[PDB]
Protein chains: 2
Amino acid sequence: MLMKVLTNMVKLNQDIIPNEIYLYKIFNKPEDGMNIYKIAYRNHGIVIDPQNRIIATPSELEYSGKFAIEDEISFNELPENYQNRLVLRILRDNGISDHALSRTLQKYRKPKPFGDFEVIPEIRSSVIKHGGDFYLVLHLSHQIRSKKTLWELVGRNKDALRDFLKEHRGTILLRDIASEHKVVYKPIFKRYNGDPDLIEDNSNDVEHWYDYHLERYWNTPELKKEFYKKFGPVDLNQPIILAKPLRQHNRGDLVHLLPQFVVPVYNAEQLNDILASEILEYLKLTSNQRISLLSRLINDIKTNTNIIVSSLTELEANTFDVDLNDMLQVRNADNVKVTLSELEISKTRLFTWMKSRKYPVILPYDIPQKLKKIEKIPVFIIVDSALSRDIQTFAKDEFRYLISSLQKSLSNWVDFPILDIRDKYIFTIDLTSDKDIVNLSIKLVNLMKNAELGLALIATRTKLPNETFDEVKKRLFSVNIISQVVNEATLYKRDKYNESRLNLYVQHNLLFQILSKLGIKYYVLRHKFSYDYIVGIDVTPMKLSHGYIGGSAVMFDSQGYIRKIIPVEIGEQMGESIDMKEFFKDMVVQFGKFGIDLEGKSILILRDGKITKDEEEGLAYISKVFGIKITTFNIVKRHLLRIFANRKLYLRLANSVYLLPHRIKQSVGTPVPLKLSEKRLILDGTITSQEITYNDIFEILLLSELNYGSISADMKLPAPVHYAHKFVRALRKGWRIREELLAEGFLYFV
Amino acid sequence: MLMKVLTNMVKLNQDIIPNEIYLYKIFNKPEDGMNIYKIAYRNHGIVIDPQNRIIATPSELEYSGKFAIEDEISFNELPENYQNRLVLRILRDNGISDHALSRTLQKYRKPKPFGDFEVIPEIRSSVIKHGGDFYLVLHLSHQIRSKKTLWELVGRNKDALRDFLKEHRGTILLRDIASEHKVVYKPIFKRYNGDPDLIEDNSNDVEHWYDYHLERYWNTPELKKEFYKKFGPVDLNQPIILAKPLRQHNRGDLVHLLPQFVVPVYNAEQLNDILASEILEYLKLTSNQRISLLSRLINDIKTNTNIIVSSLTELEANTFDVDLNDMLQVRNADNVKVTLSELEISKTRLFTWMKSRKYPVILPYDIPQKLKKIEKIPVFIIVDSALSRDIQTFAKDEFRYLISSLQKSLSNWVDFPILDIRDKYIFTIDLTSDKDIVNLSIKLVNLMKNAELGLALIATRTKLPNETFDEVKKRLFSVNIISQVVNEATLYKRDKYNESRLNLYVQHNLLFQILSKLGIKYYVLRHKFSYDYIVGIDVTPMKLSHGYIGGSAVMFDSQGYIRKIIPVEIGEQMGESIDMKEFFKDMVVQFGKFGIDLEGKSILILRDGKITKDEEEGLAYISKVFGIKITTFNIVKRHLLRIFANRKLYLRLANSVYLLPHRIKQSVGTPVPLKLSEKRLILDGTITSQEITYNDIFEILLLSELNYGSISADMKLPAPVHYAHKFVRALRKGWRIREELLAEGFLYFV
DNA sequence: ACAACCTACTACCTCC
DNA sequence: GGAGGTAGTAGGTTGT
DNA sequence: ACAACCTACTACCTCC
DNA sequence: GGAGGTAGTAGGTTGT
Ligand SMILES: [Mg+2]
Ligand SMILES: [Mg+2]
Ligand SMILES: [Mg+2]
Ligand SMILES: [Mg+2]
Ligand SMILES: [Mg+2]
Ligand SMILES: [Mg+2]
Ligand SMILES: [Zn+2]
C-alpha cells in the first residue's frame with residue numbers, strides 16, 4: 001500500500017527565488033487600453049489584485065504612466081499561487097520558455113508528415129510548489145499544421161474545391177496566412193440547398209485582392225520575395241469564398257477569401273482510415289516513451305545552465321486495493337438482496353443468464369411505481385431510408401430480438417409492463433426530409449394519444465447531420481417517447497461465432513441503457529455516507545445565444561444509503577457562475593414538496609471546475625439564512641501533471657489530491673489523473689478551509705463506480721458530476737420530459 | 001369621408017437633387033477598422049451594398065486606400081430608400097443638420113430648469129419621397145440633462161450620498177464628464193445587504209485620480225482653466241464609487257469613480273410629485289403648439305436659404321366612421337347570441353348589471369370545457385406585511401367583495417365552478433424575505449395537491465423590487481396558480497360617492513382581467529376574414545444572457561369567424577431574426593395534433609418590426625415545400641411622421657399607410673400613427689410585392705379592437721401582435737403554465 | 001507573448 | 001449517436 | 001456625425 | 001404591478 005511513482009516534474013535551483021518584492025498600484029481606466037496583465041508582463045511581474053490594479057514586481061518599476069508605491073514585502077508573504085506565477089515569470093525571463101524548449105525537443109523528435117499535414121512536438125510548462133521547493137512540470141503535446149494552401153490541396157480545380165467544401169461541411173475551417181492577423185473563418189453554405197457560396201464570375205476582383213494583400217503587408221523587398229516564394233503568381237481562374245469569422249460576435253461581417261491565401265485547419269475528418277490509424281498511434285504515447293523523451297530533453301537542458309538540478313522526481317502514492325463487489329447490492333432470483341461477491345460475479349455479467357444456464361439469475365434492485373401502474377408501453381422502430389436493405393432488415397431483427405429477450409427474461413420472474421410491438425409501429429422514413437419528420441410526428445401523436453410513456457428505437461445512417469439528430473430526439477421527447485439511437489457503424493459489429501447477429505457486448509450495453517432510461521436501477525451502492533445529500537453541478541454553453549442554458553445539478557439522496565437520483569436545473573446565466581441562492585431556494589422548495597425538511601442537514605457539493613467567489617458568497621448566505629452545513633470540493637480534469645503508472649491510486653501533492661480511479665484498457669496512452677482541491681466547509685455563514693482526509697477520497701472513489709450507462713466501462717468523474725454533464729448536454733439541445741417522471745428517476749439523458 | 005390633415009414635413013427645392021452618381025467598390029477587411037459607413041460619410045456618399053462593400057457618391061472619390069470604379073448611373077435608377085438617404089446626406093452637407101436646427105429652435109424656446117435638471121429642445125430630421133418630390137420631415141423632442149455633478153447634488157456629504165444611492169437603487173446611472181469618452185456606469189451594491197460599495201478610507205487615491213484626470217485630458221492652459229472652472233478644487237473627503245459599465249460585455253471590468261467627476265443620468269424617479277407634474281406637462285405638447293413652433297422655425301429657415309420652398313403640407317386622409325358594436329357578438333340572459341348594438345350598449349358596460357337593474361344582463365360568449373369539468377377552484381389571498389393595517393383589511397374586503405360578486409352573478413345564470421375561499425387560504429407574509437416565500441410555496445403546494453387550477457390575489461407595497469415580483473409570479477405559475485397583482489397606489493383610488501370602497505372602474509377591469517386569465521372570452525368578433533389563420537410575431541431580449549428567449553407567435557384561428565387564440569414559442573435565437581422553417585414545422589405539427597391539415601391554406605403574418613431577408617427565405621422555403629400561401633405585413637410604431645389630428649383615420653403616404661386607430665383621451669400630447677408597410681405575397685416559393693387595399697386596413701382596424709385586458713382602453717397595435725408582446729414579456733421573466741391549458745385558451749399573460 | 005481552466009466538435013481502441 | 005477512455009482543432013470565463 | 005427601427009426601465013392622465 | 005396612451009434615459013440589431 002506504498003508505491004513509488006514517477007512524475008513529469010523536476011526540481012529547480014533555489015538561487016532563482018527572489019528575495020524581496022514591491023507592490024505597485026496602477027491608475028488607468030479599463031476603457032482606454034493597455035491591459036494590466038500586459039503591463040505586469042512587460043515589467044517582469046505578476047498581478048495580485050485585479051480589482052485594485054495591484055501588481056507585484058521583483059525589480060523597480062519602469063512604467064510611463066501614473067503609479068504609486070504600495071508596499072515592500074518578501075516572497076514568503078504571498079499566497080502559493082502567486083509564488084508559482086512569479087517563479088514561472090522569472091523562469092520565462094531566464095530563457096526557460098515553451099517555444100525554446102520546443103526548439104530543444106525537435107532535435108530528438110523530428111517533424112513528421114501525415115498526408116498533407118505536419119506534426120511537430122511541443123512542451124508546455126508549469127510551476128508547482130511542494131515541500132518548500134519549486135518544481136517545473138513539463139507536458140508533452142503535438143501541433144498538427146497544414147503544409148499546403150487550399151488551392152494547392154485540391155489541384156487548382158474549381159470542381160474539386162466544391163467537392164472538398166461540400167464533403168467536409170460542418171467541420172471545415174480556413175485560416176488566412178497572407179495577413180498580419182491570422183483569423184480563422186468558417187465558410188458559408190446555402191441554408192436549404194447545401195452548396196458552397198462561391199463567386200466564379202470575377203477575374204478582376206481576384207487580381208485586386210492579390211495586389212491589395214501584396215501591397216498592404218508585404219512591402220519590403222525581402223517580404224515581397226517571401227510572398228512570391230510562398231504563394232507564387234496570381235491565379236485568376238480561382239473563385240472567391242464567402243466566409244464569416246469563427247468568433248461569435250463579428251459573425252455579421254462578411255469576408256471574401258481567396259483559396260490561394262488560406263490553409264485548412266486540421267481535422268481528422270480530412271484523412272482516410274489508414275492515415276488516421278497511424279496518426280493516432282503517433283499522437284498517443286505510452287509512459288516509457290514520455291519518460292525517455294523527457295529524460296533526453298532534461299539531459300540536454302542540464303548541460304547548458306544551472307537551473308535544473310535533478311532528474312524526474314519519484315514520489316510516494318498509496319494504492320487502492322478494495323473489492324468493489326462487496327458494496328454492490330442486487331436482487332437474486334427470489335427477489336432477495338445479495339452482493340455480487342456472494343454470487344462470485346462482477347458488474348459485467350448481469351445479463352449472461354438470459355441465454356445461458358451456468359450463471360445465476362439476476363433481477364433488478366429497484367423498479368419505479370409508475371411502471372407498475374402502467375399496463376402497456378408502445379415500442380416504435382424508426383429506420384432511416386438511406387441505409388441498405390440488409391442493414392434495415394438486420395436492424396429490425398435485432399430490435400425484435402432485444403425487446404423479446406428483455407420481455408421474456410423480465411416477465412418470467414418479476415411484474416413488468418408489456419412492451420407492445422405491432423406491425424404498424426415500424427416506420428422507414430428519410431430522416432433528412434422535413435416533411436417526413438412532420439408526418440412521422442403526426443402519426444406518433446395519433447398513435448400515442450391514450451398513453452403516458454413510449455419507447456423508440458432509431459436506426460440512422462453513418463454520418464447524420466448534428467441538427468437532424470437533435471431535432472428527431474427533441475421531437476420524440478416532446479411527445480413523451482424515450483428514444484435510443486443506433487448508427488450504421490454500430491450495426492456492422494457482429495459476433496465472432498455468429499456473423500448474422502450483433503455483438504453481444506453492444507446488446508448488453510443497449511439492454512442496460514434501455515433499462516436505465518426508464519428509471520430501473522439494476523444495482524445500487526451500500527455505504528453509509530457522512531452526508532445526507534450529494535449534489536453535482538455542471539455548466540454548458542447555449543447553442544444559439546451567448547449565454548449559458550447549462551448549469552444544472554444532480555442530487556444523490558436517500559435515508560443514508562444513497563439510492564435516489566433527481567436532476568434539477570439552475571436556469572439561465574451570463575457566464576460560468578451559479579447563483580447558489582436561487583438554486584438552494586428551489587432545492588428547499590422541491591424537497592419540501594417531496595415532504596423533506598432541508599433545515600439542519602449536511603450537503604456535499606461537487607462542482608465541475610472551480611468554485612467562484614460569487615458562489616462562495618451565495619453558499620455563505622444560504623448557510624446563514626437556512627442553517628445548512630455545506631461541504632464543497634473542486635474537481636479538475638485537464639491539467640499538466642502526469643503520473644506514470646496504470647493502477648488505481650492517489651497522491652497528495654501540494655494542497656491537492658491527484659487520483660487515478662481506473663485503469664486504461666488500451667495499449668497506447670498515459671492516463672490523466674483527477675485533481676481534488678480546495679475543500680471548503682461553510683457553517684452559519686463562515687467559510688473555513690479543511691484538509692482532504694482518506695474518507696473523502698474513498699467516498700469519491702465509491703461514487704465513481706455508480707455507472708448506469710454501461711457495464712464494461714469505468715468512468716473517471718464521480719456519478720453526480722457525470723450525470724450533471726449529461727443533463728446539461730440534454731438541456732443544451734432542448735431535450736425535456738414531464739416533471740413527475742423526472743421526480744421518479746427516469747434517466748433519459750444517459 | 002375626405003379630410004385635409006396637416007403634417008410635419010416641408011417640400012424641398014428640386015435643384016439639390018443630384019444628376020449623376022458613381023458606384024465604388026472598397027477593398028478592405030472588416031477585421032482592420034475604418035468602417036464602410038464612415039468611409040461613405042466622409043466621402044459625401046451612402047452605402048448601397050454592405051455585402052460587396054459598394055458605395056454611391058455624387059462626386060469623385062478621394063479615398064486613400066484601394067478602390068475600383070463600378071458603374072456610372074443616374075439618381076432615378078436607385079431604390080427609393082437609397083434616394084432618401086442620398087437626399088438626407090446632401091442636406092446634411094448643405095448645412096441642414098439636426099444640431100444647427102436645434103440652434104435655430106432654441107431662439108424661440110429657451111432652456112428651462114426643473115429642480116436640478118435642464119430641458120433643451122431638439123429637432124430630428126428625415127427625408128420622405130412622395131409624389132415625385134422630396135419632403136423634409138421635422139420632429140420635435142427634448143433633451144433633459146443635469147446641470148450639477150453628483151458631489152454638488154447631495155451637498156458634499158457622505159451620508160447624503162449614501163442615502164441618494166440607496167434610495168434610487170435599480171435605476172441609478174452616472175455619466176463621467178471628466179474624460180474624453182463619456183461612458184455611462186452603473187453603481188455596484190451589496191448583493192444581500194443592499195448598501196452602496198464605497199471606499200471612505202483613502203485620502204491619497206482621490207488626489208491621484210484627480211491629478212491623473214487633470215494631466216491626461218486637460219493639458220492645455222485653456223483646458224486647465226476650463227477644468228478648474230467646471231470642477232473646482234480637489235475634495236479629499238469624498239468616497240470612491242465602485243461601478244461597472246452599462247454595456248453588457250465589459251461588465252467584468254471594475255471602474256473606480258469620483259462623485260465630483262460624474263453627473264446623474266436623468267430619471268423621473270429623482271423628482272417629487274409636483275416637479276414631475278410640471279415636467280410632464282412641459283414635455284407633452286399638443287398639436288397647436290407643435291404647429292406654431294414648427295411654423296416659427298420654418299419661417300426662420302426660409303429667410304436664410306433657398307432650400308425650403310413651402311410651409312407645412314396639407315394632405316388628404318380618409319376617415320373611419322363604422323360602428324364597431326355591430327361586429328361584437330355576446331350572449332344575452334337566455335344564452336342567445338346578440339350584438340351590443342341591439343342591446344344599445346357598448347363594450348364598457350358589460351358588468352353594470354351586477355349592481356343595477358336598469359341594464360340588460362350580459363353573459364359571456366365562450367366558456368372552456370375544462371372549467372366545466374372542474375368542480376372547485378381554490379382562491380388564495382396573499383398580502384404583503386409592509387402595508388398599513390387599514391390597507392390590508394381593505395384589500396381583503398375588496399377581494400372578498402370581488403370574488404363574491406363574480407360568484408353570485410355567474411352562478412345565477414350559467415354553469416360555473418365554485419371558487420372556494422377559506423379562512424386558511426389567506427396569508428400575510430413579508431414579500432422581500434426568501435424564507436417567507438419558500439414557506440408560502442411549501443404551504444401552497446401542500447394545499448393544492450389534489451387540484452388542477454387555482455387563483456391568487458396578491459396585494460403588494462408601493463415600490464416592490466422587480467426581481468421579487470417576477471420571483472413571486474414565477475413560483476406561483478410553477479405550482480399551477482393564476483395570479484393577479486394589485487399594488488398600494490391602486491388601492492388608494494376610491495369611488496367619489498363611496499369612500500370606503502374601491503373605484504368601480506378598477507373593479508370592472510379586475511373582473512375582466514380575472515375572467516380573461518382563465519380562458520373565458522366574454523365577447524368575440526363577427527367577420528368573415530379573407531385568411532384562415534392570423535399569426536402575430538414579436539421578439540424580446542433575455543434577462544441574463546446575450547440572446548433572445550423572446551420570439552413567439554399568437555395564432556388567431558377558427559373555421560372562418562375568428563374566435564380561438566393559441567400562443568406558441570419560436571424558441572431561442574441569437575439576434576432579431578425568426579427561423580421561420582422551424583416555426584412553421586412545429587406549427588404544422590401542433591395544428592395536425594389538433595386534427596387540422598395545414599396544407600393549401602392561407603396565413604396572414606403580422607410581424608412587430610421589419611421582416612428580415614432570412615425570414616423571407618424561410619417563408620419562401622416553407623411555401624415551396626408545404627404548399628402554403630403566406631401574406632406578410634410590416635407594422636412600425638416608432639417613426640418621425642406626425643399627423644395633427646385626433647380622429648380614427650388613415651393616410652396613404654409613399655408606399656406606406658399611416659393610420660390613427662384610436663383617439664387620445666388626454667388633453668396633452670399628439671398621437672403617434674401606426675405604419676403599415678411592405679405587404680408581401682409568398683406562393684410556391686416566389687415572393688411578390690402587393691398593394692395595401694382598403695380591406696387590409698379595415699381588417700387590421702377590426703383586429704385592433706379585440707382587447708381582453710380592459711374594457712375602457714383602446715390599444716394601438718392589433719391583437720395578435722399585442723398578445724405576442726405580452727407572451728414574450730411573460731416568457732422573458734420565466735412565467736409558464738401547462739400545455740393543454742395553453743391549448744384551451746387561458747391567457748395568463750394579460 | 002496573460003495564466004489556468006472550461007466548453008463544443010472530429011477521430012481511433014477496448015470491453016464479458 | 002453501445003459507452004468509456006485518450007489525441008487533435010477552435011474559442012471563452014475568471015482571477016480580485 | 002450611419003440610418004431606421006426595436007427593447008428595457010421611470011413618470012403622469014383617463015376610463016362606465 | 002387596473003390597462004391603455006404619451007414623455008424621457010440607456011443600449012442593441014439590420015441593411016446586402
Ligand atoms: Mg464545467
Ligand atoms: Mg461538463
Ligand atoms: Mg446514450
Ligand atoms: Mg419587436
Ligand atoms: Mg415587443
Ligand atoms: Mg395584467
Ligand atoms: Zn454576447
# chains A, B, ... in the order shown; residues from 1 in each chain; ligands from 1
$ interface_residues --of "chain D" --to "chain A" --cutoff "7 Å" --atoms "only C-alpha atoms (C1' of nucleotides)" --output "PDB file with N, CA and C atoms (P, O5', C5', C4', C3', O3' and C1' of nucleotides), in the first residue's frame"
ATOM      1  P    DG D   1     -28.790   7.682 -27.540  1.00  0.00           P
ATOM      2  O5'  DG D   1     -27.950   7.670 -28.899  1.00  0.00           O
ATOM      3  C5'  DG D   1     -26.541   7.504 -28.858  1.00  0.00           C
ATOM      4  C4'  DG D   1     -25.980   7.293 -30.251  1.00  0.00           C
ATOM      5  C3'  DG D   1     -24.470   7.141 -30.309  1.00  0.00           C
ATOM      6  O3'  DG D   1     -24.092   5.756 -30.084  1.00  0.00           O
ATOM      7  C1'  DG D   1     -25.203   8.716 -31.952  1.00  0.00           C
ATOM      8  P    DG D   2     -24.034   4.646 -31.253  1.00  0.00           P
ATOM      9  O5'  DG D   2     -24.107   3.273 -30.441  1.00  0.00           O
ATOM     10  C5'  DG D   2     -25.279   2.957 -29.689  1.00  0.00           C
ATOM     11  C4'  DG D   2     -24.917   2.410 -28.318  1.00  0.00           C
ATOM     12  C3'  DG D   2     -23.954   3.273 -27.522  1.00  0.00           C
ATOM     13  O3'  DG D   2     -24.696   4.155 -26.681  1.00  0.00           O
ATOM     14  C1'  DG D   2     -23.293   0.949 -27.469  1.00  0.00           C
ATOM     15  P    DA D   3     -24.095   5.581 -26.250  1.00  0.00           P
ATOM     16  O5'  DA D   3     -23.153   5.244 -25.009  1.00  0.00           O
ATOM     17  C5'  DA D   3     -23.673   4.571 -23.870  1.00  0.00           C
ATOM     18  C4'  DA D   3     -22.547   4.121 -22.957  1.00  0.00           C
ATOM     19  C3'  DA D   3     -21.692   5.253 -22.396  1.00  0.00           C
ATOM     20  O3'  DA D   3     -21.436   5.042 -21.021  1.00  0.00           O
ATOM     21  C1'  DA D   3     -20.323   3.729 -23.619  1.00  0.00           C
ATOM     22  P    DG D   4     -21.255   6.301 -20.040  1.00  0.00           P
ATOM     23  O5'  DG D   4     -19.736   6.194 -19.557  1.00  0.00           O
ATOM     24  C5'  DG D   4     -18.712   6.807 -20.320  1.00  0.00           C
ATOM     25  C4'  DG D   4     -17.397   6.070 -20.154  1.00  0.00           C
ATOM     26  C3'  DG D   4     -16.165   6.940 -20.331  1.00  0.00           C
ATOM     27  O3'  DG D   4     -15.771   7.455 -19.064  1.00  0.00           O
ATOM     28  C1'  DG D   4     -15.976   4.969 -21.671  1.00  0.00           C
ATOM     29  P    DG D   5     -14.784   8.718 -18.967  1.00  0.00           P
ATOM     30  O5'  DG D   5     -13.330   8.067 -19.048  1.00  0.00           O
ATOM     31  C5'  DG D   5     -12.431   8.488 -20.054  1.00  0.00           C
ATOM     32  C4'  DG D   5     -11.323   7.470 -20.252  1.00  0.00           C
ATOM     33  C3'  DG D   5     -10.038   8.048 -20.831  1.00  0.00           C
ATOM     34  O3'  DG D   5      -9.005   7.940 -19.866  1.00  0.00           O
ATOM     35  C1'  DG D   5     -11.006   6.413 -22.333  1.00  0.00           C
ATOM     36  P    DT D   6      -7.803   9.000 -19.853  1.00  0.00           P
ATOM     37  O5'  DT D   6      -6.806   8.443 -20.969  1.00  0.00           O
ATOM     38  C5'  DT D   6      -5.887   9.316 -21.586  1.00  0.00           C
ATOM     39  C4'  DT D   6      -5.775   9.021 -23.068  1.00  0.00           C
ATOM     40  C3'  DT D   6      -5.083  10.115 -23.873  1.00  0.00           C
ATOM     41  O3'  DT D   6      -3.773   9.700 -24.233  1.00  0.00           O
ATOM     42  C1'  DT D   6      -7.046   9.240 -24.990  1.00  0.00           C
ATOM     43  P    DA D   7      -2.598  10.783 -24.395  1.00  0.00           P
ATOM     44  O5'  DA D   7      -2.708  11.241 -25.924  1.00  0.00           O
ATOM     45  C5'  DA D   7      -3.202  12.535 -26.251  1.00  0.00           C
ATOM     46  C4'  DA D   7      -3.459  12.650 -27.743  1.00  0.00           C
ATOM     47  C3'  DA D   7      -3.749  14.054 -28.239  1.00  0.00           C
ATOM     48  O3'  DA D   7      -2.531  14.728 -28.528  1.00  0.00           O
ATOM     49  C1'  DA D   7      -5.353  12.542 -29.123  1.00  0.00           C
ATOM     50  P    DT D   9      -3.419  20.979 -32.328  1.00  0.00           P
ATOM     51  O5'  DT D   9      -4.809  21.561 -32.860  1.00  0.00           O
ATOM     52  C5'  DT D   9      -5.061  21.634 -34.258  1.00  0.00           C
ATOM     53  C4'  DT D   9      -6.463  22.151 -34.525  1.00  0.00           C
ATOM     54  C3'  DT D   9      -6.796  23.467 -33.848  1.00  0.00           C
ATOM     55  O3'  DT D   9      -6.386  24.554 -34.667  1.00  0.00           O
ATOM     56  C1'  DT D   9      -8.578  21.907 -33.552  1.00  0.00           C
ATOM     57  P    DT D  13     -17.432  34.590 -22.483  1.00  0.00           P
ATOM     58  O5'  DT D  13     -16.914  34.160 -21.035  1.00  0.00           O
ATOM     59  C5'  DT D  13     -17.507  33.048 -20.382  1.00  0.00           C
ATOM     60  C4'  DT D  13     -16.775  32.713 -19.096  1.00  0.00           C
ATOM     61  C3'  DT D  13     -16.559  33.891 -18.141  1.00  0.00           C
ATOM     62  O3'  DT D  13     -16.979  33.528 -16.834  1.00  0.00           O
ATOM     63  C1'  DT D  13     -14.535  32.735 -18.493  1.00  0.00           C
ATOM     64  P    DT D  16      -7.810  35.762  -6.523  1.00  0.00           P
ATOM     65  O5'  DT D  16      -7.425  37.281  -6.207  1.00  0.00           O
ATOM     66  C5'  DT D  16      -8.047  37.959  -5.123  1.00  0.00           C
ATOM     67  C4'  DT D  16      -8.532  39.331  -5.556  1.00  0.00           C
ATOM     68  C3'  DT D  16      -9.650  39.916  -4.707  1.00  0.00           C
ATOM     69  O3'  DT D  16      -9.098  40.669  -3.632  1.00  0.00           O
ATOM     70  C1'  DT D  16      -9.947  40.343  -7.072  1.00  0.00           C
TER      71       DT D  16
END
$ interface_residues --of "chain C" --to "chain A" --cutoff "6 Å" --atoms "only C-alpha atoms (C1' of nucleotides)" --output "CSV table (one decimal) with N, CA, C and O atoms (P, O5', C5', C4', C3', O3' and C1' of nucleotides), in the first residue's frame"
chain,number,residue,atom,x,y,z
C,2,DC,P,-0.1,39.0,-23.8
C,2,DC,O5',-0.4,38.5,-22.3
C,2,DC,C5',0.7,38.3,-21.4
C,2,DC,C4',0.4,37.4,-20.3
C,2,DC,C3',0.1,35.9,-20.7
C,2,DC,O3',0.7,35.0,-19.8
C,2,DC,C1',-1.7,36.8,-19.5
C,10,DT,P,-18.9,15.7,-34.8
C,10,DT,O5',-17.7,16.0,-35.8
C,10,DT,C5',-17.3,15.0,-36.6
C,10,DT,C4',-15.8,14.9,-36.6
C,10,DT,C3',-15.2,13.6,-36.4
C,10,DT,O3',-15.2,12.8,-37.6
C,10,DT,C1',-13.9,15.2,-35.2
C,11,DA,P,-15.6,11.3,-37.6
C,11,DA,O5',-14.2,10.5,-37.2
C,11,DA,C5',-13.1,10.8,-37.9
C,11,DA,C4',-11.8,10.4,-37.1
C,11,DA,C3',-11.8,9.0,-36.6
C,11,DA,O3',-11.3,8.2,-37.6
C,11,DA,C1',-11.0,10.6,-35.0
C,15,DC,P,-9.3,-5.4,-24.0
C,15,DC,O5',-10.4,-5.8,-22.9
C,15,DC,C5',-11.7,-5.9,-23.4
C,15,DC,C4',-12.7,-5.3,-22.4
C,15,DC,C3',-13.8,-6.2,-21.8
C,15,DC,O3',-14.1,-5.9,-20.5
C,15,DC,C1',-14.7,-4.4,-23.2
C,16,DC,P,-13.9,-7.1,-19.4
C,16,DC,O5',-14.7,-8.3,-20.0
C,16,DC,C5',-14.6,-9.6,-19.4
C,16,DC,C4',-15.7,-10.5,-19.9
C,16,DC,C3',-15.7,-10.6,-21.4
C,16,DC,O3',-14.8,-11.6,-21.9
C,16,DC,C1',-17.9,-10.3,-20.5
$ interface_residues --of "chain A" --to "chain B" --cutoff "8 Å" --atoms "only C-alpha atoms" --output "ChimeraX atom specification"
/A:27,29-30,51,66,192,208-209,212,253-255,434-435,438,441-442,445-446,544-548,572-574,585,588-589,592-593,621,625-626
$ residues_near_ligand --ligand "ligand 2" --cutoff "10 Å" --atoms "only C-alpha atoms (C1' of nucleotides) and all ligand atoms" --output "short mmCIF file (atom, residue, chain, number, x, y, z; two decimals) with N, CA and C atoms (P, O5', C5', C4', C3', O3' and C1' of nucleotides), in the first residue's frame"
data_model
loop_
_atom_site.label_atom_id
_atom_site.label_comp_id
_atom_site.auth_asym_id
_atom_site.auth_seq_id
_atom_site.Cartn_x
_atom_site.Cartn_y
_atom_site.Cartn_z
N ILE A 537 -22.75 19.68 -9.78
CA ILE A 537 -23.09 20.88 -10.54
C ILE A 537 -22.19 20.97 -11.77
N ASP A 538 -22.80 21.22 -12.94
CA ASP A 538 -22.03 21.43 -14.16
C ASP A 538 -22.75 22.42 -15.08
N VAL A 539 -21.95 23.11 -15.91
CA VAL A 539 -22.42 24.17 -16.81
C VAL A 539 -22.00 23.83 -18.24
N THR A 540 -22.82 24.22 -19.21
CA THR A 540 -22.51 24.07 -20.63
C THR A 540 -22.98 25.31 -21.38
N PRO A 541 -22.38 25.65 -22.53
CA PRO A 541 -22.81 26.82 -23.31
C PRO A 541 -24.14 26.63 -24.03
N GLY A 550 -26.88 25.89 -19.90
CA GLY A 550 -26.27 24.97 -18.98
C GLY A 550 -26.14 25.57 -17.59
N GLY A 551 -25.80 24.69 -16.66
CA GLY A 551 -26.00 24.97 -15.26
C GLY A 551 -27.11 24.07 -14.79
N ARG A 607 -18.49 20.31 -7.66
CA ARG A 607 -18.61 21.26 -8.76
C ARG A 607 -17.60 20.91 -9.84
N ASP A 608 -18.07 20.83 -11.08
CA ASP A 608 -17.19 20.57 -12.22
C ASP A 608 -16.44 21.85 -12.53
N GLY A 609 -15.17 21.91 -12.14
CA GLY A 609 -14.37 23.09 -12.38
C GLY A 609 -13.87 23.74 -11.11
N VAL A 721 -21.46 14.32 -10.88
CA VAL A 721 -20.85 15.24 -11.84
C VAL A 721 -21.05 14.74 -13.27
N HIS A 722 -20.94 13.42 -13.47
CA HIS A 722 -21.16 12.82 -14.78
C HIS A 722 -22.60 12.99 -15.24
N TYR A 723 -23.56 12.78 -14.32
CA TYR A 723 -24.96 12.91 -14.70
C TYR A 723 -25.36 14.38 -14.84
N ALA A 724 -24.68 15.29 -14.13
CA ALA A 724 -24.90 16.71 -14.36
C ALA A 724 -24.38 17.13 -15.74
N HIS A 725 -23.25 16.56 -16.17
CA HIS A 725 -22.73 16.83 -17.50
C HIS A 725 -23.66 16.30 -18.59
N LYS A 726 -24.19 15.09 -18.39
CA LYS A 726 -25.16 14.57 -19.35
C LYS A 726 -26.48 15.35 -19.32
N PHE A 727 -26.84 15.90 -18.16
CA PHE A 727 -28.08 16.67 -18.07
C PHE A 727 -27.95 18.03 -18.74
N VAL A 728 -26.78 18.69 -18.64
CA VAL A 728 -26.62 19.95 -19.37
C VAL A 728 -26.43 19.68 -20.86
N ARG A 729 -25.89 18.51 -21.21
CA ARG A 729 -25.85 18.13 -22.63
C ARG A 729 -27.26 17.92 -23.18
P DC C 6 -11.07 21.91 -15.68
"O5'" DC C 6 -12.18 22.56 -16.64
"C5'" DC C 6 -13.26 23.31 -16.08
"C4'" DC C 6 -14.10 23.96 -17.18
"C3'" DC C 6 -14.56 23.01 -18.26
"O3'" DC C 6 -15.77 22.37 -17.85
"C1'" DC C 6 -13.79 25.08 -19.21
P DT C 7 -16.43 21.22 -18.76
"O5'" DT C 7 -17.43 22.03 -19.71
"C5'" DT C 7 -17.72 21.53 -21.00
"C4'" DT C 7 -18.15 22.65 -21.93
"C3'" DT C 7 -18.42 22.19 -23.35
"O3'" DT C 7 -19.79 21.85 -23.48
"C1'" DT C 7 -16.93 24.06 -23.37
#
$ select_by_dssp --residues "range 280-349 of chain B" --states "strand (DSSP E or B)" --output "ChimeraX atom specification"
/B:308,314-319,328-331,337-339
$ residues_around --residues "residue 343 in chain B" --least-positions-apart "3" --cutoff "12 Å" --atoms "only C-alpha atoms (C1' of nucleotides)" --output "VMD selection string"
chain B and resid 325 to 326 328 to 333 337 to 340 346 to 347 349 to 350 359 to 362
$ atom_distance --atom1 "CA of residue 697 in chain A" --atom2 "CA of residue 534 in chain A"
14.4 Å
$ select_by_dssp --residues "range 272-517 of chain B" --states "helix (DSSP H, G or I)" --output "MDAnalysis selection string"
chainID B and resid 273:283 287:302 324:327 347:349 369:373 389:411 423:425 434:447 466:477 488:491 504:517
$ residues_around --residues "residue 231 in chain A" --least-positions-apart "2" --cutoff "9 Å" --atoms "only C-alpha atoms (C1' of nucleotides)" --output "VMD selection string"
chain A and resid 149 178 226 to 229 233 to 234 260 to 261
$ atom_distance --atom1 "CA of residue 447 in chain B" --atom2 "CA of residue 424 in chain B"
9.6 Å
$ closest_residue --among "A:72, A:163, A:84, A:115" --to "residue 134 in chain A" --atoms "only C-alpha atoms"
A:84
$ atom_distance --atom1 "CA of residue 33 in chain A" --atom2 "CA of residue 182 in chain B"
15.4 Å
